[PDB]
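Input: a single structure, listed below in structure tokens.
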Amino acid sequence: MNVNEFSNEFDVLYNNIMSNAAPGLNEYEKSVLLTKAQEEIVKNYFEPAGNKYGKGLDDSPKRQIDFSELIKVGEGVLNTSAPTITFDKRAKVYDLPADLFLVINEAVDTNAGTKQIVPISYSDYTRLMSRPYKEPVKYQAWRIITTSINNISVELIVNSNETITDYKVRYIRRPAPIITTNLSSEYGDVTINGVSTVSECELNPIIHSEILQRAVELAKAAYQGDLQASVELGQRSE
Amino acid sequence: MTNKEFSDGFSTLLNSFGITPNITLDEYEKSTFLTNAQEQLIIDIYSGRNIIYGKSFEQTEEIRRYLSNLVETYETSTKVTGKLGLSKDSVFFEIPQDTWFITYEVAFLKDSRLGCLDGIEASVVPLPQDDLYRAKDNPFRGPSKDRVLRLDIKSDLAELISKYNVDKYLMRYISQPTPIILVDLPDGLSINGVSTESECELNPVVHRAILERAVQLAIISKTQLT
């Protein structure tokens with residue numbers, strides 16, 4: 001549903017049918033609300049407890065198709081460009097892609113075969129390094145985030161005498177903003193996420209209606225403007 | 001197995017720091033339980049009371065190979081002078097003070113009366129005090145050229161009753177095993193009076209049995225009131 005339709009049905013659902021019509025929204029306001037609804041819906045549908053169904057990323061066909069056009073596969077770049085201080089003497093630092101929203105699968109290709117990366121918590125790190133062995137299980141590797149600047153930097157811990165060749169990350173791409181019109185203006189160029197040009201919703205058309213409905217709900221909550229509406233609809237930011 | 005291997009195997013068998021409920025011990029507790037398991041196991045082996053083995057000190061090759069490294073031989077010719085005995089011809093000898101159980105005990109004799117048999121090795125027979133009165137005059141079980149009566153007395157002594165003079169006293173006993181200490185313990189602490197690291201002197205065959213018994217003792221210690 002290209003952005004002109006986003007604006008047109010936004011008007012239709014917002015004010016064109018209201019009994020006491022509210023002032024129509026500017027295109028910047030509609031773009032901001034649509035982008036906010038996009039992020040809110042993505043976070044709602046990624047986590048099962050964020051929506052009424054209780055279903056997450058791959059808990060039904062609908063969720064799979066929802067995040068289908070947002071999934072991306074990239075590689076981590078070895079961070080030997082500059083020195084650094086790792087928390088572990090035996091961890092190799094890798095930089096994840098910049099346009100990363102959420103990681104759902106990671107894998108490392110070593111000389112000793114491919115191994116699934118298990119992101120270990122700070123409590124599991126302390127528990128596991130109190131043990132005599134302190135290495136992953138046969139077909140897995142460990143991961144902990146390290147000092148990150150401008151992008152997520154990642155420490156990979158593999159078994160001894162293993163060299164990493166590739167480090168693939170299957171992640172959810174950061175959604176691009178929904179901008180209806182060229183936001184360029186003589187009085188000042190405004191941006192949604194650093195882009196002023198027209199930006200289509202690059203997700204599957206299945207959730208475009210949900211994004212529009214959430215945008216309308218946010219618009220009406222802003223219209224009322226009391227604390228109750230803001231807190232009630234702010235619970236779904238998540 | 002070494003001390004590092006002892007500790008690591010102890011942790012692995014106890015499932016330390018795993019996801020399931022488990023038990024974590026300090027190296028002092030590991031040393032204490034390993035030493036207790038060691039000494040319990042060897043005493044039960046010597047007495048033949050272990051149901052698993054059910055064999056005595058040297059009743060099979062397995063037990064020989066287990067307790068081979070505690071067997072110590074001892075020689076002494078000095079006699080303690082001022083002591084009160086149960087007979088005129090009673091001589092007293094010191095014990096090495098690290099003995100656990102005397103297993104071989106023989107006595108060489110030097111006297112003129114047994115002419116041309118001088119320097120005869122004589123079998124020290126440990127005799128209870130019930131039999132002493134009726135064994136002093138016994139010509140088949142009493143003191144003689146080929147037999148000496150030893151009675152245990154206080155202060156780690158051995159009262160040898162012989163008809164002839166006793167010159168030398170030979171022993172082969174089971175010694176105090178060195179404790180299993182996995183770390184140089186802080187000041188004040190010790191196991192069997194030893195503060196530094198102490199490796200098990202027995203053979204590796206029995207180290208894993210000792211580890212299993214120590215683990216069982218650990219679970220008993222943590223699970224005797226719940």
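Protein chains in written order, with the entry's author numbering: chain U, 1 to 238; chain D, 1 to 226. C-beta atoms are modelled at their ideal positions from N, C-alpha and C, and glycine is treated no differently.
Annotation: residue 199(U) is outside any alpha helix (DSSP H) and is labelled neither H nor E by DSSP. Considering only 161(U), 150(U), 220(U), the residue with the shortest C-alpha distance to residue 11(U) is 220(U). Under DSSP, residue 93(D) takes part in a beta bridge, and its partners are 158(D). When secondary structure is reduced to three states using DSSP, residue 39(U) falls in the helix class. Within the same chain, 118, 119, 165, 167 come within 7 Å of residue 110(D) by CB-CB distance, once the 5 residues on both sides are set aside. Taken in chain order, the complete beta strand (DSSP E) segments of 3 or more residues contained in the stretch 123-157 of chain U are 140-145, 153-157. Given a length threshold of 3 residues, each whole run of the beta strand (DSSP E) inside the stretch 61-126 of chain U is given here in chain order: 71-75, 92-95, 100-110, 113-119. Membership of residue 136(D) in any beta strand (DSSP E) is not indicated; the residue belongs instead to the alpha helix (DSSP H) covering 132-136. Closest in C-alpha terms to residue 175(U), from the list 61(U), 203(U), 158(U), comes 203(U).
The alpha-carbon separation between residue 105(D) and residue 190(D) amounts to approximately 32 Å. Beyond the five residues adjoining it in sequence on each side, residue 159(U) comes within less than 7 Å, by CB distance, of 135, 136 in the same chain, given in chain order. Proximity of residue 8(D) to chain U, defined by a Cβ-Cβ separation below 8 Å, is satisfied.
Taken atom to atom, the span from the alpha-carbon of residue 23(D) to that of residue 100(D) is near 33 Å.
When C-beta atoms of the stretch 37-50 of chain U are compared with those of the stretch 167-184 of chain U, three or more pairs fall below 8 Å, so the two segments count as touching. Taken through DSSP and simplified to helix, strand or coil, residue 151(D) comes out as strand.
Boundaries of the alpha helix (DSSP H) around residue 10(U): 3-11. The C-alpha of residue 179(D) is placed about 6 Å away from the C-alpha of residue 35(D). Any Cβ of chain D closer than 8 Å to the Cβ of residue 136(U) would place that residue at the interface, and such an atom is absent. DSSP, read as helix, strand or coil, puts residue 180(U) in coil. For residue 17(D), the neighbours in chain U by C-beta distance under 8 Å run, in chain order, 127, 128, 130, 131. Annotation: the continuous beta strand (DSSP E) that includes residue 109(D) extends over 99-109.
Remark: C-beta atoms of residue 197(D) and residue 182(D) approach each other more closely than 8 Å. Counting other Cβ atoms within 10 Å of its Cβ, residue 143(D) reaches 16 or more and is therefore classed as buried.
Cβ atoms of residue 57(D) and residue 41(D) stay farther apart than 8 Å, at about 13 Å.
C-alpha of residue 5(D) to C-alpha of residue 13(D): approximately 12 Å in a straight line.
A Cβ-Cβ contact shorter than 8 Å links residue 200(U) with residue 2(U).
Taking a beta-carbon distance threshold of 8 Å, residue 12(D) counts as an interface residue toward chain U.
With fewer than 16 neighbouring CB atoms inside 10 Å of its own CB, residue 49(D) falls in the exposed class. Within a 10 Å sphere around the beta-carbon of residue 14(U) sit 16 or more other beta-carbons, which makes this residue buried.
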